[PDB]
Amino acid sequence: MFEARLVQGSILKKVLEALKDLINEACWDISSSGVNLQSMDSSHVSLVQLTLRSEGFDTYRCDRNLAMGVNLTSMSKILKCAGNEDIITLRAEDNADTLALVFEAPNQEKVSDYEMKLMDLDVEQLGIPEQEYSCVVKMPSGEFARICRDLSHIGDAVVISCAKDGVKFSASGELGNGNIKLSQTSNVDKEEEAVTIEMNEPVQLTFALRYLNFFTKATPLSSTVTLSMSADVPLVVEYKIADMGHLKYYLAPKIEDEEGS
Amino acid sequence: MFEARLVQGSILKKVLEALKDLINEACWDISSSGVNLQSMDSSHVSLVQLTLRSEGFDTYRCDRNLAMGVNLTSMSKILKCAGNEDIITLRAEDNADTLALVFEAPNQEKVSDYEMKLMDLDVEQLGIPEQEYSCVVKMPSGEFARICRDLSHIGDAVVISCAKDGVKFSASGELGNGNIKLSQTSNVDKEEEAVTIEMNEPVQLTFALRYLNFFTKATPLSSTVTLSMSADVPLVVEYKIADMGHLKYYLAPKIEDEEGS
Amino acid sequence: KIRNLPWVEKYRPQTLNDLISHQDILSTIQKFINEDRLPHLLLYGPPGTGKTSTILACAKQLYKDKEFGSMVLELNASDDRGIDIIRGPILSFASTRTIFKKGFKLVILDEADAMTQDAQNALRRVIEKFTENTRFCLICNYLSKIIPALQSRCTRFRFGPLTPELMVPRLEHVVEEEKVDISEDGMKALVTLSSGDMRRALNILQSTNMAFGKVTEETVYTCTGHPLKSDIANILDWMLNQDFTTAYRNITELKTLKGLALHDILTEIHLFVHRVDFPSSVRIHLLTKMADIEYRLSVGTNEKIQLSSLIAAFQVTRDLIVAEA
Amino acid sequence: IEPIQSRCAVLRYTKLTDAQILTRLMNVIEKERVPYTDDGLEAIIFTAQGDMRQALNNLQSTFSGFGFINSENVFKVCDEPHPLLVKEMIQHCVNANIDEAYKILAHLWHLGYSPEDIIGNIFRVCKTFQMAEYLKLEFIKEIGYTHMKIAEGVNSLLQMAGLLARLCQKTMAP
Amino acid sequence: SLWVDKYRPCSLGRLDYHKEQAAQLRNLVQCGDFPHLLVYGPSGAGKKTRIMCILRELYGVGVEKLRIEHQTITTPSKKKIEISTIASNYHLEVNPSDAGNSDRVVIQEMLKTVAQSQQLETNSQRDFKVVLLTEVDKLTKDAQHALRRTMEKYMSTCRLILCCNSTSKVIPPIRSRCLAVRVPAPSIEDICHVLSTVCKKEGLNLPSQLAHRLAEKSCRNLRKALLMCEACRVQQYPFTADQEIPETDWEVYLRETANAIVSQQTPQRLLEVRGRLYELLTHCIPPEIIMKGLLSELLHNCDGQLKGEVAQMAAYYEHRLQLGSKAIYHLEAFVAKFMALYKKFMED
Amino acid sequence: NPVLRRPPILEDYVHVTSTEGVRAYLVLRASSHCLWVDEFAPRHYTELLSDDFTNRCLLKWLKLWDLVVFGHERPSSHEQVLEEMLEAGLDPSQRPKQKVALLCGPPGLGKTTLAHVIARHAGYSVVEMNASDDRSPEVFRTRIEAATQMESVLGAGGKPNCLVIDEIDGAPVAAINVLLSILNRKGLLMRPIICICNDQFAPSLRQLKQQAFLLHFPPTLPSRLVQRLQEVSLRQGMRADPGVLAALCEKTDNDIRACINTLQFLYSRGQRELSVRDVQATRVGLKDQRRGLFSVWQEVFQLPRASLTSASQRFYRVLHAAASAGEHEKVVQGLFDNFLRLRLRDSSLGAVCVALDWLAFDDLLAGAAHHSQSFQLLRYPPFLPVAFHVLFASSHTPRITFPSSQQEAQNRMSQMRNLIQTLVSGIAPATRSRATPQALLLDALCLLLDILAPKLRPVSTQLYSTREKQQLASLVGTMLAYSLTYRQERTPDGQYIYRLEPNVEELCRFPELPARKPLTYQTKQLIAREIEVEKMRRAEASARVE
DNA sequence: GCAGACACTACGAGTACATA
Ligand SMILES: Nc1ncnc2c1ncn2[C@@H]1O[C@H](COP(=O)(O)OP(=O)(O)OP(O)(O)=S)[C@@H](O)[C@H]1O
Ligand SMILES: Nc1ncnc2c1ncn2[C@@H]1O[C@H](COP(=O)(O)OP(=O)(O)OP(O)(O)=S)[C@@H](O)[C@H]1O
Ligand SMILES: Nc1ncnc2c1ncn2[C@@H]1O[C@H](COP(=O)(O)OP(=O)(O)O)[C@@H](O)[C@H]1O
Ligand SMILES: [Mg+2]
Ligand SMILES: [Mg+2]
């Protein structure tokens, strides 16, 4: 028996819109610690992890380690019918083949139950190494979304550089290069605007733009964002979503050109 | 080395929003006197002559003379995400292609370096005659924009006349005619709203309303515009920017044939 | 000064006196310019004959450098020339007068066969209505892709292929301007392989001079890869004089040794069979078979099998020709 | 559309004859004091092909270029019409005479005409030619088969010669 | 699970036939710098099994854990097309002909995004990813011309195993860029050995006569042989040497169509045969297989001096069918030409 | 002779040698204010020029609205259906059951004149909504709501509104949906609506024909039009014989407006008497008529009845009619579906073979034009119909049917591909990759259905043997592998049947094949119940493992 | 000074067709 209750309905209504055009399905792993989602995209470029602990739910019942697989083309239409500040309960039986979402109508007069068929998918955990990254930085969330949106009008792919000075975004296209930098934003009143550096070894890697925009579609879930990079490890984009848990994004770099001699 | 510095970003935004649907590409002619831009439209009917003085910039250095041909849609996309109260640095090297626009975010924290690639157009220099005109009219720019917008609802080509009395506008359209004649409006408390007549010989010429409506978009640059008209030389719309420079619009008359009867 | 330019662009006939061939047409257009009676022109012909150079020389003769941007509106297939462009910039350029100095304006529509027929139908009353103010010049390679209403409104000049007799002095001027050592057989090979096209003549001349340093018949036919006349005569003699296996071995050895292609061999053999006095039933069969072989070479087909079929097309007709007697 | 043609009187103009264009040409010549011969005016009529615009354009071009209207000055700047020469080649292909048909084809080839214009003129002649209807359909099908190859990219003198050879084959194949 | 999927070998050492080719394929993919592969042969020869064996040789046992991923691609006409994809954590499997003539839009946009991106985990996954393009002979030439620079540029980090039936439909630029691996059909003895091994693993006893008849009726298709053997046990468990082997319905319908062609040669019979050919084309039978079955049954009714002309006409109208777009015109033209030829032969 | 035994003396020569080694040598070297169509327009019912049956039917249909509209009980083949629907009665809402009168016909017959005269004759006020209006689905909606849902602003004595919708065949499909939604509000429609179109077979009017009082206009009688043109010419003072007016009526294809406009141009005032050569000339009065599909197929397949006897004039006439009809693909489909149904005189099937060669020629031209973007190849397939006219022209009367075989085949093929996708998407991806859907269809469907149907006796599971239990377990395992099941379906006869959920038998089975024994109801019900039981047991085993 | 309403153009989207 899986029976969970949310404290805010805006968490799903901000976390499923980033996964609407990014991943084709949502696979939830049920455990006593919490719910874990690890989904790789169809092009094998992006990897989405979402760990919501059991301490953040209003209530949480889990007896067996179960895995549920739901689609996105129906859950995205179901989520738009739901409200914003209401409560969402997720229900799943031991032997049934459906997942029930029970919430309140936006008219706030009746309870709405929606059932989704459980897709039996055969996946395996890829396994993140959780190694020491050569660069860790902290950035504002909405500022990072505006940065990723401003490079969309220039080039189809972006270049992320990270020395000890800060984080440099570059966009080289047929129009011309767009280079922006953020450095030393500790002298502000808001704690979420602190652009800080945490590691030493500089890294320069070219990533895609569409997947970064899909990553920045989940910006008002958290206050700050974290970016981790290394010489060959994919880019890690970390959101600390309130108290119930956190989300990780893995984006593979592009193949570098033959600039040798 | 070329390095100009616009003291505020609003004037460049108004200039590049005036020329956006009119000018194909921007030819910045650089000297020690300032920045000159003589460019025709895509239809080869209108002409734009923008002159920015060196004293209007914050810092202006220019070692050797340049002639930078650059695209205008790219510069429009660059200047769209620019503030109205921030300094904007224009940089260019001796033998490079990067024309750099360096400014600040509307959040006023991070820098923004947008490069553009220069074009090779080698267009021949168009000779401004700089002769005397048979009609010179000082009028407010907002009233000129309002009367062009009002005449665009009636017809498509507008017969503008000028004499000792004042400037007169006629639009013989499909609904009918609209004849608006304004004169001697200097008896107000404002100094911008005034109609002054300087020269003698009356002229009647027909022009397209689309190019006049494109010319009226430079209204926030100057509170008072000047109209120069003669029987042979084209129509000149002269905006005198307050402490930066001036802008001249040249529009050729249409070919009109009388009835044989 | 010197520039890094191709020789088809470094040597362009900036004036009308530097073009070589179409002397009556150029004299008529020069008298159009001098009498100020320039009509709407329609320049049509094969590529590389000098139509764009003609209209650019006429535009440079008609207008000065201080006013050239206000009098000439040049549009080609690299630009958008839809019906919104005909109703927009072209109609506004036609219906308005000039800016600086008085004069008639010129709308050049290079590669006018690439225009849509909606744009060509919109062009008709623009050309007819504003004849006194602006002039139109259409340039095309295919006259059938221009509507007959636009062909009526323009006086048409056929810029035919350049004859090799008039083609020689311009090539000699380019040779003397570039310090090129060329023989008479090299010039003959240039004007033979060009086939009424100064572009490919100058391209083959520049390629041969860069590849070998001299321009002779051997160097031109080696840089181009074209077979010589003696090679084609040997191939035809082998196909008409001996059996399948010996002719196949000789033609295969000639193609492997000199690196020949079957397209040029087919072209020269097709030029040869109209010279050889064949019976009409033999000639029809040969033309049909060679057209089939040339059509089969346009896709991913093995060239050895097509060479065997080329030998087969003459080994069929050998007995027929001899038994005709 | 047919409602608009029903709502109006449908007047149909026919192509102008030689004397009708000749009267207007005489009026323009007497207005402009253009010297001429009868053969030059006949050549202007020949290049006009029922078009008064082309007649006036060719007369203006010849008078500006040479100042006199004879046959040589007209034909130095103007051109003989295409389908009258294509019709002789089609008549030769009807009688399976490949030599004269190739002579006309090679003359049209050395004048700089593209294969598409030549095959368009061949189709336009074969639409209104006076022969057997089944033979006309065989000719039109062979012309379309060759024109598909022309549109594919293979457009040489050998391909047009093969088209002429196939049209001569269609005669002797009952 | 059927017998075609229950006893399929997993590794290259467990194959029952083409063992020398299996050892050569093991030696080829050991270093990791093996080129693009083009696995070709008749249908049911074992090409897909050997492709999955090569994949299991390159990667771990996680290759067999598969999933369905749907990707939406925008055409140049801005009509969105959803295409399915068999995927794993190490390889990808695309059949672009499911997008029809939009297959090039699969190659130009969906494939390059696979090729331009490196692997997330270079420890578990290798330095390269493998993309299996299934049925590349059904690709249009535009998709094959879009394939080649993606194959050349990203060969070091993205390998391709193309699979087809005939390499004649593959353009020479693609065939020049890949190593062609030929998988012939197993012989009658090999199919008898495979069927005997499957029956003994199932606990059943299979005679040599029934195994030989299944191998001969299967036309050296091991998939169809295993399906026919399973249908034979189902319908009758005591295996007689003269037990009736079941047959597919479209083959019998094609045989009766050819018998109807032979029986009468009249425009009304041509109308009835055209109705039968629409019935065959409606059931998604490919028109080349209709042509092959029509030839294989019509040659059983012709005499010795007509079969070459019938075969040449069948090849000619098959070529015209491939050059065209409406199959019923060329199929009915072949039937009408055969009717005219057969009437001429019978009356004279 | 081109071949010489002796070698030439002067000119160059090329040798030719045979296989037998013989040498040969070849040579190498207000009367003046208005139109006559408006001056002679009918202002009453007695001056109409249409068919009297259609006028009476439209007047009776409009007088069927007299009870609902005017509040009075008393007002004062193709023919048989109209006479039945005029006498079919009324719905219990005191209205006709056909509330819309759709008027169809070729141009220039008098449809708008009939609608306006019949509406003003029955006491209504004509409200017109033609193609010169905006015709957007909201403007159309509010104009119908204005025209039909309110009374008169003149109060008592104001005439009711009869909404005449001219040129409805050019309206979009959403406008027709708006009109039908207003027509089917049960907001009740209290006023008549009459629609006028030119082509009844428009794709936007296909739902309208099933709901409208369909009035099709025949062409006008030539004697009536000749008498009316005589009246018009005698009123205008111009003399003309009935023969030249009959020739003019023949030329304009019984168009009243075109004939009167042609007379207005041709008369003028220079001459009084009309000449036959003016009508026979093509300069004045000849307009392009869009031919129907069936008329084009009839003039292709059937020779004209006995100048016009030459084959070249028939060639050009058939070519021009097939070009002027338009809708080239439908013409080709009609030729393909009708040319084998004729009484063909070619017993050697050569004409059929060359017709199929011409059809393949058209198909190749369409493919090449749509591949290379070279549409100048689209001038040859107009010669496809006239080729049929050279092949299958007969003096008989062929029954031409409308083509449906290609469209039915394409729709059935689309249904089969959708069913193939539905079957393929149900299977597991571990076994989906092992076979392509084409190979699964060709190899693994009929044999799979033979596997899925064993000889099973109608015996319960407790009395089954161990081998039969193992066979049933294997059957439900391979049934669950492909995600197939049996489900109940109702029949109009009242008997429940069991059908496979992905119904793959239409993929497998063929019509004229010999029949095979199916499973009975009891064993199929047992199979479905065992499938559900095994699904629940599989879920329980998965819960026990996890 | 800031929320509601008005028309304005840019942009997304569907459909037809392309010959003599
Ligand atoms: N008559 C000529 N006399 C001298 N040089 C010529 C002549 N015709 C062509 N050329 C050379 O060829 C170059 C290109 O010729 P063009 O004027 O572009 O011919 P074109 O007729 O416009 O060919 P197309 O149809 O546009 S591809 C010129 O720059 C010259 O170098
Ligand atoms: N009895 C008549 N005598 C003379 N003229 C008539 C008579 N009846 C109608 N007409 C005129 O002939 C024309 C008939 O066409 P209309 O009824 O107006 O339009 P229509 O018949 O619906 O054909 P379309 O499809 O709209 S072109 C009109 O110009 C009428 O004035
Ligand atoms: N070496 C083998 N031993 C046993 N069975 C095999 C072997 N190779 C192939 N098969 C079986 O034969 C069938 C061949 O199908 P497949 O592997 O898809 O080849 P293809 O791609 O040529 O159709 C498969 O279902 C497989 O189970
Ligand atoms: Mg050119
Ligand atoms: Mg009407």
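What counts, and at which threshold
- Residues numbered from 1 in each chain as written, not as in the entry; some residues may be left out.
- Chains lettered and ligands numbered in written order.
- Part of a larger assembly, values for the part shown.
- Heavy atoms only, no water.
- Residues with missing side-chain atoms left out of burial classes, pairs and counts.
- UniProt positions renumbered as here; feature names shortened; annotations may be inferred.
- Helix = DSSP H or I, 4+ residues; strand = E, 2+ residues; numbered from the N terminus.
- Rg over C-alpha atoms; globule rule 2.2 N^0.38 Å.
- Buried < 20%, exposed > 50% of the residue type's maximum accessible area, 1.4 Å probe, protein only.
- Near = heavy atom within 4 Å.
- Polar contact = N/O pair within 3.5 Å; in protein donor to acceptor, adjacent residues only side chain to side chain.
- Areas by Shrake-Rupley, 256 points an atom, 1.4 Å probe, with all protein chains shown as cover.
- Nonpolar A, V, L, I, M, F, W, Y, C, P; charged D, E, K, R; others polar.
- Contact = heavy atoms within 4.5 Å.
- Disulfide = S-S within 2.5 Å.
- Buried area = accessible area lost by both parts, 1.4 Å probe.
- Salt bridge = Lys/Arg side-chain N within 4 Å of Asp/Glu carboxyl O.
- Pairing = 2+ DSSP bridges.
- Patch = residues over 30% accessible without salt bridge, like charges linked within 9 Å, V, L, I, M, F, W, Y side chains within 5 Å.
- Domains from an automatic or database assignment.
- Arc of directions from axis to C-beta.
- 1 Å grid on protein atoms, 1.4 Å probe; cavity = no way out; pocket = protein on both sides within 12 Å on 5 of 7 lines; lining within 4 Å.
- Points joined across faces, edges and corners; volume = space filled by probe spheres on them.
- Axes fitted to C-alpha atoms, helices over the stretch in contact; angles between N-to-C directions.
- Parallel < 35°, antiparallel > 145°, perpendicular 65-115°, else oblique.
- Left-handed = near helix turned anticlockwise from the far one by under 90°.

Method information in the entry identifies cryo-EM as the source of the structure, with 2.75 Å recorded as the resolution.

Looking up chain D in the PDB entry gives the name Replication factor C subunit 2, with the organism given as Homo sapiens. The record lists the entry's title as "Atomic model of the human CTF18-RFC-PCNA-DNA ternary complex with narrow PCNA opening state I (state 5)".

Per the PDB entry, chain A is named Proliferating cell nuclear antigen, and its organism is Homo sapiens. Of the comments in the UniProt record for chain A, the one headed Subcellular location reads "Nucleus". The UniProt entry for chain A carries the following text under Sequence similarities: "Belongs to the PCNA family."

**Focus: the overall build of chain D**
For chain D, the count of helices and strands is 10 helices and 0 strands. Along the chain direction, N to C, the helices and strands of chain D fall in the order α-α-α-α-α-α-α-α-α-α. The C-alpha atoms of chain D give a radius of gyration of 20 Å, which is well past the 16 Å a tight globule of 174 residues would have. Its C-alpha atoms give chain D principal-axis dimensions of about 60 × 50 × 30 Å. Taken across its 174 residues, chain D has 57% of its residues classed as buried.

**Some points on the site of ligand 2**
Around ligand 2, the surrounding shell holds 20 residues, and the nearest of these are D:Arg7, F:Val37, F:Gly110, F:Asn198 and F:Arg257. In the model, an oxygen atom of ligand 2 is placed 2.5 Å from a nitrogen or oxygen of the F:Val37 main chain. Here an oxygen atom of ligand 2 sits 3.1 Å away from a polar atom, N or O, in the main chain of F:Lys111. Its free accessible area being 650 Å², ligand 2 has 92% of it covered by the protein chains. Breaking the shell around ligand 2 down by element, the ones donating at least two residues are α1 (2–7) of chain D together with α5 (111–121) and α11 (256–267) of chain F. In the shell around ligand 2, the residues fall into 10 nonpolar, 5 polar and 5 charged.

**Some words on the interface of chain C and chain F**
Listed as interface residues are 14 residues of chain C and, on the opposing side, 14 residues of chain F. Among the elements of the structure, α12 (229–241) and α16 (303–324) of chain C are those that each provide at least two residues to the side of chain C that touches chain F. Of all the elements, α16(C) adds the most residues to the side of chain C that touches chain F, at 5 residues.

**Overview of the UniProt feature "disulfide bond" in chain A**
All names here are of chain A. With 3.6 Å between their sulfur atoms, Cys-135 and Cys-162 do not form the disulfide that UniProt assigns to them. By the element assignment, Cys-135 lies in strand β10 (residues 135–140). On the secondary structure map, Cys-162 appears in strand β11 (residues 157–162).

**Thoughts on the protein's contact with DNA strand G**
Close contacts around DNA strand G come from B:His153, C:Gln117, D:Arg124, D:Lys127, F:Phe375, F:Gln376, F:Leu378 and F:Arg379, and that covers them all. The sugar and phosphate moieties of DNA strand G supply 45% of its atoms located within 4 Å of the protein. Measuring from a base nitrogen of DNA strand G, one finds a backbone N or O atom of F:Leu378 at 3.3 Å. In terms of residue class, the surface near DNA strand G is made up of 2 nonpolar, 3 polar and 3 charged.

**What to know about the interface of chain F and chain E**
Between chain F and chain E, the contact holds 63 residues from the first and 61 residues from the second. In this assembly, chain F packs against chain E so that about 5,700 Å² is buried in total across both faces, 62% of it on carbon and sulfur atoms. Counting across the interface, chain F meets chain E through 7 salt bridges. One salt bridge connects E:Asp249 with F:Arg509, and the closest N-O pair in it is separated by 3.7 Å. Linking chain F with chain E are 16 residue pairs in polar contact. Residue classes in the side of chain F that touches chain E are distributed as 35 nonpolar, 13 polar and 15 charged.

**Here's the deal with the arrangement of the chains**
Across the 10 pairs of chains that are in contact, the largest number of contacts falls between chains E and F. At the C-alpha level, the nearest point of chain A lies 33 Å from chain D, with no contact between them.

**Some thoughts on the pairing of strand β6 (residues 193–196) of chain F**
Residue and element names in this part refer to chain F. Burial of β6 is two-sided: the residues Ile-193 and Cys-195 facing one way and the residues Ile-194 and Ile-196 facing the other way are all buried. Sheet topology places strand β5 (residues 161–166) next to β6; 4 bridges connect them, and they run parallel. For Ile-165, the partnering residue across the bridge sits in β6 and is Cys-195.

**Considerations on a nonpolar patch on the surface**
All names here are of chain D. A surface patch of nonpolar side chains, amounting to about 250 Å² of accessible area, comprises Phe-46, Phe-75 and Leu-84. With respect to the helices and strands, the residue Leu-84 is situated in helix α6 (residues 82–94). Exposure remark for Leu-84: the relative accessible area of 39% places this residue in the partly exposed category.

**Some thoughts on the domain arrangement of chain D**
The extent of an interface is frequently quoted as the accessible surface area lost upon association of the parts. Residue and element names in this part refer to chain D. As assigned here, chain D comprises domain 1 (17–80) and domain 2 (81–172). Computed from C-alpha coordinates alone, the two centres of domain 1 and domain 2 are separated by 31 Å. The interface is formed by 4 residues belonging to domain 1 together with 6 residues belonging to domain 2. When domain 1 packs against domain 2, the two sides together hide about 450 Å² of surface, and 55% of this comes from carbon and sulfur. When the buried surface of domain 1 facing domain 2 is broken down by residue, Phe-46, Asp-79 and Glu-80 rank first, second and third, together holding 86% of it. Connecting domain 1 to domain 2 are 0 salt bridges. In terms of residue class, the side of domain 1 that touches domain 2 is made up of 1 nonpolar, 1 polar and 2 charged.

**Brief notes about helix α2 (residues 19–28) of chain E**
Given 3.6 residues per helical turn, the α-helix brings residues three or four places apart onto the same face. Residues and elements named next belong to chain E. Along α2, the residues classified as buried are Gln-21, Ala-22 and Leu-25. Seen end-on, α2 carries its buried residues on one side only, within an arc spanning 105°. Every exposed residue of α2 that faces more than 90 degrees away from the buried side is listed here: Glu-20, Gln-24 and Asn-27. Its buried side turned inward, α2 meets α3 (47–58) and β7 (178–182).

**Brief notes about empty space enclosed by the protein**
Approximately 270 Å³ is the volume attributed to the largest cavity. As for the largest cavity, its lining consists of 22 residues, and the residues nearest its centre are A:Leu12, A:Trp28, A:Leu90, A:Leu99 and A:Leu101. At the level of elements, β1 (2–5), β2 (25–30), β6 (67–71), α2 (75–81) and β8 (98–104) of chain A are the ones that each hand at least two residues to the lining of the largest cavity. Residue classes in the lining of the largest cavity are distributed as 22 nonpolar, no polar and no charged. Considered as a void within the structure, the second largest cavity measures approximately 140 Å³ in volume. Contributing to the lining of the second largest cavity are 13 residues, with A:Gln38, A:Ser39, A:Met40, A:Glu124 and E:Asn89 lying nearest its centre. At the level of secondary structure, the elements contributing two or more residues to the lining of the second largest cavity comprise β2 and β3 (34–40) of chain A together with β2 (67–74) of chain E. Looking at which element gives the most residues to the lining of the second largest cavity, the answer is β3(A), with 3 residues. Looking at the lining of the second largest cavity residue by residue, the class counts come to 5 nonpolar, 4 polar and 4 charged.

**Here's the deal with the packing of helix α8 (residues 115–127) of chain D against helix α9 (residues 133–152) of chain D**
All names here are of chain D. Axis separation between α8 and α9 bottoms out at 10 Å; the angle between their running directions is 165°. Of the possible angle classes, the one that applies to α8 and α9 is roughly antiparallel. For the crossing formed where α8 meets α9, the hand is left-handed. Contacts between α8 and α9 involve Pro-115, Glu-116, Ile-119, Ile-122, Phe-123, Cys-126 and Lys-127 from the former and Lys-136, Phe-139, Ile-140, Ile-143, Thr-146, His-147 and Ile-150 from the latter. Looking at the contact of α8 with α9 residue by residue, the class counts come to 9 nonpolar, 2 polar and 3 charged.

**Topic: unusual backbone geometry**
Even without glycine at this site, B:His44 takes up a positive phi of about 55°. In this fold, B:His44 is placed in the loop between β3 (34–40) and β4 (46–53). The phi dihedral of D:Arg33 is positive, around 55°, even though this residue is not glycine. Relative to the helices and strands, D:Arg33 is located in the loop between α2 (18–32) and α3 (38–48).

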